[PDB]
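Worksheet: the structure to be examined is printed underneath.
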Amino acid sequence: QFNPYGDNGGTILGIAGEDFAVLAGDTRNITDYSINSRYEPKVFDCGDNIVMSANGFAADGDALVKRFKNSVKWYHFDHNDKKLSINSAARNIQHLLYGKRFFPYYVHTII
Amino acid sequence: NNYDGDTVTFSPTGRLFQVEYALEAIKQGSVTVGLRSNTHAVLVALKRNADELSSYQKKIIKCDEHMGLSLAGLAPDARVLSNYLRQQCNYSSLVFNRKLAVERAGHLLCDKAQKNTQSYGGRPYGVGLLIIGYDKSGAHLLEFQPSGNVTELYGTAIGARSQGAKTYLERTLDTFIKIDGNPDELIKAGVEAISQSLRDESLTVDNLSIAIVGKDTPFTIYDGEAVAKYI
Amino acid sequence: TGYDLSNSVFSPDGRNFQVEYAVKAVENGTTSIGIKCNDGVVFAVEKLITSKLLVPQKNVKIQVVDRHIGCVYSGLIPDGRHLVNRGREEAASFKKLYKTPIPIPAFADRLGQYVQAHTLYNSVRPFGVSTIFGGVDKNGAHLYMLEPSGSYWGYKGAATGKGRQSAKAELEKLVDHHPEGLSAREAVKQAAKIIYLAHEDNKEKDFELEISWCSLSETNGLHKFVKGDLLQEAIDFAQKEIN
Amino acid sequence: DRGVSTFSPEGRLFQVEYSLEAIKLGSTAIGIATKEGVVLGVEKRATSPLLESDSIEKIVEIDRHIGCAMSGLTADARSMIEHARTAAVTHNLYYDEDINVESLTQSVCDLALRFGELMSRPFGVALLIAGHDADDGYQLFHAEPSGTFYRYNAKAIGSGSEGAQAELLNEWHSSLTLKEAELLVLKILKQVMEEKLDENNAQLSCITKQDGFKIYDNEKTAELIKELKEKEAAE
Amino acid sequence: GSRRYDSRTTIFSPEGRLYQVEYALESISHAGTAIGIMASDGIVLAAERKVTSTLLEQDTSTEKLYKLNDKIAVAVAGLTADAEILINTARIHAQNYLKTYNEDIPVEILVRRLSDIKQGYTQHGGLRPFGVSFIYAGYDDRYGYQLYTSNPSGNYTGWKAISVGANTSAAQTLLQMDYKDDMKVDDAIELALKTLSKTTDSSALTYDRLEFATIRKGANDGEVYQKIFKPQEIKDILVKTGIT
Amino acid sequence: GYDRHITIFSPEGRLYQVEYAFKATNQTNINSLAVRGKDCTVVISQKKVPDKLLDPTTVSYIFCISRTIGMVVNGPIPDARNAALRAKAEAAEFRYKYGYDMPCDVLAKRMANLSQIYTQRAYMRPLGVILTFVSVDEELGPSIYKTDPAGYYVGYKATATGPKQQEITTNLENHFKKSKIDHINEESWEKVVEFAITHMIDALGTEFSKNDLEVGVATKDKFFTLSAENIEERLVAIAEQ
Amino acid sequence: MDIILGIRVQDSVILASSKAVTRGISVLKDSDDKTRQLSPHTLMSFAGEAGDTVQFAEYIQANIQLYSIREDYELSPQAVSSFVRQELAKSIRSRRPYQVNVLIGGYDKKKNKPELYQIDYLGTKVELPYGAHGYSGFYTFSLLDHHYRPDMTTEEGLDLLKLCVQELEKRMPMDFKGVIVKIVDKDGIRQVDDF
Amino acid sequence: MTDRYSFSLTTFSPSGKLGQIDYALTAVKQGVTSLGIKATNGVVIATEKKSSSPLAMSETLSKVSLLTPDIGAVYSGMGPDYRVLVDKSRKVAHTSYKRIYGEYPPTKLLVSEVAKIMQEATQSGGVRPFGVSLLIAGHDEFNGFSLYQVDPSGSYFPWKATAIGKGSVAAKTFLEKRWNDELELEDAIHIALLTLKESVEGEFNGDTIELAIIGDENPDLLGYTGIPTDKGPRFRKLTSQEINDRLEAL
Amino acid sequence: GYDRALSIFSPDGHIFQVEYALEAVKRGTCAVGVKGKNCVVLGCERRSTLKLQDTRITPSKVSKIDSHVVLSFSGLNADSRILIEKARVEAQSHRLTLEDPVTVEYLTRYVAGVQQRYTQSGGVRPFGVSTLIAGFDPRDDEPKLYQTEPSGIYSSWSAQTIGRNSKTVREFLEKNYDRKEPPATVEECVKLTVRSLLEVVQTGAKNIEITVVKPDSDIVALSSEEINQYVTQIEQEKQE
């Protein structure tokens, strides 16, 4: 039977300072006991000073990031180029994820 | 006369009167100008207020990082059409990782307008649009009319008294076509063009609207104090 | 009466007046033609230069369908595009189910039935274009012309728009003077000539010439636009003859 | 007859133009914007004295930071208010923030041209929408059934409107205080109103960043009426 | 498009009337008269047929009177075929009620749903109204014997005695004159036929031009019987009161 | 009167749109005729190509509906082709559902029913065409069945359609009045075609070259149309006579 | 849910219904009223699947209350019981069937008779002198078979119920936290407060 | 595209007539005469076969149609409308009756279903009324023989004998004289032939006359044997030859 | 679906179908509502050109929407049944989700919204009906009376009338209703209500219905006599 999920490995981590934040992730991409790539980035600049990574099943990760980047783009179009605050991004991403509650994106997301 | 009750009726000489009446709402619209070199494309538009207590109606709309337009006529129709363009530019990027050619954007608008001119119940769009963009074949300007006719041009203008700027641009043609690598000069030439269309009114700081796109310039809109420079 | 106020109503003479009014819109358009040759077809159209501000070469009017068919039309341009979009869908669906690219007569009937369908109901308006189109299939070259009524036939040569009589007269001449055939190259040049001649009946504004062709030997059965030297050569030939 | 979405030979939509005529028959409503707040006031116009005038509801909360007044066929406005409230609350659900006044206004205006042969006719009511947001501060918008909305420093709609607007042209400046603006709204309402303005046949409201949108009780408005008389007599 | 040919069947006149309803009422006023009379011990329905030819099959017939369930019948004035559409609807409605509650449908409830259907055709859908008025005769264990009428507007009202179709003016005036509350079924029979006899547009009232029915408690104890009179039974009832 | 613009009744019980569709039938100014042999059914129609620029091989009012059925149309070509496409689709569907070839008369009834619908339903206009269907049916033999915009149809011994239709009709009645039979008592379809052209020449009072006609023949198991050269060969035989 | 019983005596129907609401290893509530008044002389008790029970009971209540206002009349117990059966019979072939069993106890004023209907989740209806849903019946049916008489008083009926509850508190494995008891007679519906 | 005609095309005028029904009845008046007569042991329905050209083969156009093995129909008015009504009538006899009960519907009921179809064309959106009046003759176990008329409005009436079309007034009078309740089927056939001669101006033989009966069961017309309870259709169309036999003794 | 925009704007800005709906209301029998200190009364004309009526079964002019709220109306009777049903359904649905019966203002807003909806939807005409809706909010004793009309506007009234000759009875009520002093009792309120109808009705015979609504779902209709006592009683206090 077709399994619509896979596992691409890797790992990520975020730390926040007083006036900065970092989002780190390795660049290895795997399936089973093989390496697909030693350099495939999985942490992204999304605009408005928001960095994002969705790590686990990479096809799901990429779809989410793509949808969120596109969300930022339409936020600008719809609310007079207003900056998307990080708290607002967070809530937006909850709705992106929960919209697939019964067929989930297999990712741990950090922004 | 007997043949203007809706878009789906031809007159005995082959005219579509509802489409012609849509064209007429454009003519009452405040004037807007477009023009372009080989490196940049500029839109200049004269805005219009209800009275001294009101804002000036926006006439310029961004469609993507590399494309946008100005409007004359029914502004809600511009919001519909510009929004359709935003989607088309967006679909091109998400699916193909490809910035939408300005020529294709032209064709999509033509076909969208056309559908409203052949079925019962609809009405034509009542707005004219000037699309500028910079793509893989350089700078472009397009004139959209709600008959469905779209036209690629070096420069043009639509709205009331747009004939003034249109002749001027026809005169200026060999000069402004070669304003390459110099943004503020192309804008000035566009601002001059639009001035050939004024009456009892002159360009002020909350009156004038400018946009530019080009070789190393995302589509960006200038208003208020940012146009003082050119008045 | 009032028999002319609504599409698909028969008048007492048995006519559909709205289609007849669509034709007036076609008659008011620029001149476009098609010439059938030895192993192919040639299409040409008069593009009026409204203003110097039109970018030359950059408002293309001839359209390709699939890889082997050209289409040109006079009248309401947007209607012409609508018809071609439909043509493209019809060709895709034929090639998807049957693999082979759509034959030209088959394609002509697809456009015919679709155009005819817009004369069946009061809730649509008939097409305001006549369309000249054709190409090369497994059986040779075919040229067609299609009217707002949905009427179409195969042609030796065809013309529509403002200069239709002048172009028709010129076309009859060639058919008489070359009864054994016309090469794709004779035809490209003759097409240039006829558009220049037909521009008489529309001579206020001056115009830009646009040509295309499919030829088994010259384009390998594919539709191509005529540009550069071949285009200039055909303009030169035409300029020769109006002088 | 002929279709509901038809253009006139002058390039205007018959049905939209005619709805504008119905709005001119409506009761008056005025709003003024200041840097201390926006005031909205209306003429209640009870058709008969047996009618309990506080039940006349022509000023309405959309969200804490946005209020609305209306004029024309006011029953048409129920579904516009409902849509506005939902757009505002929905925006806050999706984005954990307040929705901008302009964006709210644009959303209401998107409904406007959703008619034809989607509703059966345009709305027969204009709205004044007033609120505050962190990006553009205090704001007043006029939302018409054409789908167009303008920002105003001050504006009148309804039967008294060309009168009141000429007046607002004279009296408005960029330094009015909230108190100055309240009195002005009363002053000009009394000018254009048929019957004699009091705290039962006209009503006030404002929106301030600090306390949000408030409709004034009749007691509070009564004193402002008294205070206006005293200012006027005194020169 | 097609707007050109739309009559607008569901609009108001400037006087606030519904054109199509009024014109349907006009249509009905030329149909055979039907009379319903309510007694303390039963109900009568009588109706005059539209001018018979001598060659019409009179016994295997039905045109005016229809059974809805075992406790309810109707008399029809107007377009017959329109009436059959509504009758089958009503028959089905009665059966859903019986299926759902295991109790026969109360008369009003059935009457209301038929009238609600009629009303709908006057407010939405752009179709012509049904050209029918009904007299409903029935019995239920809450109100006993009941008469109602309904017409193309979907309006309904209850009566002690009533007429529909042609000459209701004359007919109503006569019923008003001789009707009385203590009256019995057999008196009401006589009254029904006397009234039709005087209002008819024919030269004389005969068995072949009539339909007739009763709803009585005239079976055994606490139960109800519908009798749709055969031609012979009408021929008798017409002598037994000497109209022939 | 809007009872003139759509297919509702006029006060005298008439459908004007149907009547006007009949007038559109003659727009093309062509006549057709059909006759039955012993073995075959022949249909001929005039062919007029006034424009020198036309490709004469694409100018046709005769259609191969199925392998066994042919149809000739009187009326404008766009409506004619609409009817032909539908008939082809109906004939092929019938074969797939029921496992045998649609008979001529059954296809005629079917196309007649479709036309009936356009006379009753308002949003659909009638087609301005008369359809003559021909075959050699495996049960009924040589067959001619004809449809009009009223949705009327019937089978014929022979028939004619067009502006000069009454002249051809009487000519044909007069022949059968004389021969005392239902058909052309002839073995070869070549001679039945010759009969057909001859009695059309007489009735119309005109002579024909090979490009003034168009001919279709139905035999057992095929309907086919003739080329200009086949028609010539046939015209030649009529001359040497 | 779990325990619901009903006895019909000379002049009334009595419903008894357990008070416990248990989920997992926790009794969440000991005062739960597993009943809805459908009309002033009709009561309905219910047991079964969490959520489904109350939702269904309240949905029926709303419908009968609607019928009452529309006709200014009160449906007979038999009529209400048939309406309820049909609803349950529809449910059984749904995408998700209501898993709810009910007893309906009413006093029919037209006939002056009390009536008890037992309807399970499948839409299986019977009128009975006494009824029980679930494991209850395995004890109470035989007990009542022995001790019940058709002409008993409301007070005799209540003692008969006391016997039933006593048996269930002795032999059932779960603590159902007692019962709430309700009487349906010619004067309506009242709650016995000390049981 | 699509039907924007969702509103009625038949409506009430101020006088209360339904115009389109009146006009359909007018089309029926213009139509060729047809009639039906009911006997004690049969029904006969008949009409004239007025030809279009003499090249037309009038056998291929049957005006008298079998609906069920015991029910037949003839009409006056618009022939194409009749043809499609016969198609629908045959089908509805199956879908709404035979497929449910395993036996053909009784005459009044099949008539009822046709009347419904015609009533709907009188009120639904975007259609016109049928321009025909039908005469339907049939037999069924519990009602015996019956004859009905169905009109454009959807109204139907049972008759002893009647006529419709062109010469209906005269023919109805001719039938009132000659009808009695003891007519045996052979006599009813003879009266029908007489009545039709009045209204036919041209040739009058079995090739211009179409006539069918509803009589005894015809086991020879069944096509099979071996089921005792299946006894054959009661509907029979008289042949051309059989009509001319009766026309000599006329 | 039949689609036509029947309610549309005229050049002067009127919606003629909504205005013609009011004409249908103008033609309906009169109805009036008067609210007291502690009650509300609803009275309704019934046209007496109809003897032989059976009033046991003929639909009453006041309708219970829930057990604490009532609705009366003037205009098309068949239209009013549609509004009454929808209101009753909403009443039960409100109880089901909110666990509280409707406030009178809520029920009014609902009915009014339904009426407005039918003035901007394709294929429907407006309701030829105006309503009076009266009662007491749950656990509240302040009386309530509201009016709706075909356009969908609604409002609160100390007392109000609608239907034919409502202009005459509004006249009466306008000078006889002391805002400062509502009919302090049931009996007083029933009287003022009957007086206002006798201005317009003719004989107080079968020509008047009255319904009284007191707090906590206490609703009763009077019979001939009890009304008739006011008819006689007022008429004698009259000769002056």
Side-chain angles (χ1 to χ4, degrees), chain C residues 22-23 26-46 61-65 69-75 80 83-84 87 104-105 107-109 111-112 115 127-137 140-179 181-182 184 186-199 201-202 209-215 223 226, chain F residues 49-60 77-78:
Chain C
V23 167
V26 180
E27 287 174 355
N28 193 266
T30 79
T31 300
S32 66
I33 56 164
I35 301 156
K36 183 182 167 195
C37 66
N38 281 339
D39 71 343
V41 289
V42 173
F43 305 105
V45 53
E46 154 196 43
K61 279 174 99 183
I62 294 163
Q63 294 187 279
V64 69
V65 169
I69 293 166
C71 300
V72 76
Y73 42 79
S74 308
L83 189 46
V84 170
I104 317 300
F107 174 76
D109 200 56
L111 295 191
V115 169
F127 283 89
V129 288
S130 293
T131 300
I132 296 158
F133 66 91
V136 171
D137 63 32
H142 308 78
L143 175 70
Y144 285 95
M145 191 175 168
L146 176 60
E147 251 107 55
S149 73
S151 178
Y152 71 78
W153 310 105
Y155 284 83
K156 280 164 174 152
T160 199
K162 205 114 103 189
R164 98 213 62 123
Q165 268 153 314
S166 144
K168 274 214 193 69
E170 216 52 59
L171 254 356
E172 263 166 274
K173 259 137 225 183
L174 303 181
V175 175
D176 295 333
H177 282 138
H178 304 267
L182 204 60
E186 254 266 47
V188 170
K189 287 143 93 183
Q190 296 299 154
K193 175 154 83 70
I194 297 163
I195 293 293
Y196 268 95
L197 258 21
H199 183 54
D201 310 324
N202 212 168
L209 180 67
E210 192 174 287
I211 310 187
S212 78
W213 63 341
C214 329
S215 172
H223 178 267
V226 171
Chain F
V49 196
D51 190 336
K52 246 196 270 137
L53 299 180
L54 284 161
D55 178 358
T57 52
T58 71
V59 176
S60 180
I77 196 67

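Here is the naming used below: chain letters follow the sequence lines, and residue numbers restart at 1 for every chain.
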note = Nearest heavy-atom approach of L146(C) to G150(C) is CD1-O, 3.4 Å
ask   = Does a side-chain heavy-atom distance below 4.5 Å link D39(C) with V136(C)?
value = no
ask   = Side chain of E210(C), backbone of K61(C): donor and acceptor closer than 3.5 Å?
value = yes
message = Ignoring hydrogens, what is the shortest heavy-atom contact between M145(C) and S130(C)? Give both atom names and the distance.
response = CE-CB, 3.9 Å
query = Can you list the steps and then say if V115(C) with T131(C) is a side-chain contact (heavy atoms from CB on, under 4.5 Å)?
reply = CA-CA 11 Å; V115(C) 169; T131(C) 300; over 6 Å; no
ask   = Quick one: side-chain hydrogen bond (donor to acceptor under 3.5 Å, both in side chains) pairs with a partner in residues 149-169 of chain C, sequence neighbours left out?
value = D109(C)-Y152(C)
query = Do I132(C) and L143(C) pass the side-chain contact (heavy atoms from CB on, under 4.5 Å) test, and can you show the C-alpha distance, the side-chain angles, and the key distance before you say yes or no?
reply = CA-CA 7 Å; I132(C) 296 158; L143(C) 175 70; 3.7 Å; yes
Salt bridge present between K52(F) and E172(C) (N-O < 4.0 angstrom) = yes
ask   = Heavy-atom distance under 4.5 Å between the side chains of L174(C) and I194(C), does that happen here?
value = yes
message = For a quick test of reading the model, state the closest non-hydrogen atom pair linking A141(C) to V41(C) and the distance between them.
response = CB-CG1, 4.4 Å
inquiry  = Is there a side-chain contact (heavy atoms from CB on, under 4.5 Å) between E186(C) and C37(C)? Walk through the geometry before answering.
reply    = CA-CA 9 Å; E186(C) 254 266 47; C37(C) 66; over 6 Å; no
inquiry  = Please give me the minimum heavy-atom distance between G134(C) and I104(C), naming the atom from each residue.
reply    = CA-CG2, 3.9 Å
note = Residue set satisfying ring-ring contact (aromatic ring centres under 6.0 Å, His included) with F127(C), at least two apart, ordered chain then number -> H82(C), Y114(C), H118(C)
request  = Go through the steps for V42(C) and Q190(C) under the test side-chain contact (heavy atoms from CB on, under 4.5 Å), then give the verdict.
outcome  = CA-CA 10 Å; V42(C) 173; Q190(C) 296 299 154; over 6 Å; no
ask   = Once you round to the nearest 0.5 Å, how far does CD of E46(C) lie from OG1 of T31(C)?
value = 4.5 Å
query = Between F133(C) and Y144(C), what is the ring plane arrangement, given parallel below 30°, perpendicular above 60°, and tilted in between?
reply = parallel
Side-chain touch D55(F)/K36(C), heavy atoms, less than 4.5 angstrom = yes
query = Are side-chain heavy atoms of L83(C) and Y73(C) found at a separation under 4.5 Å?
reply = no
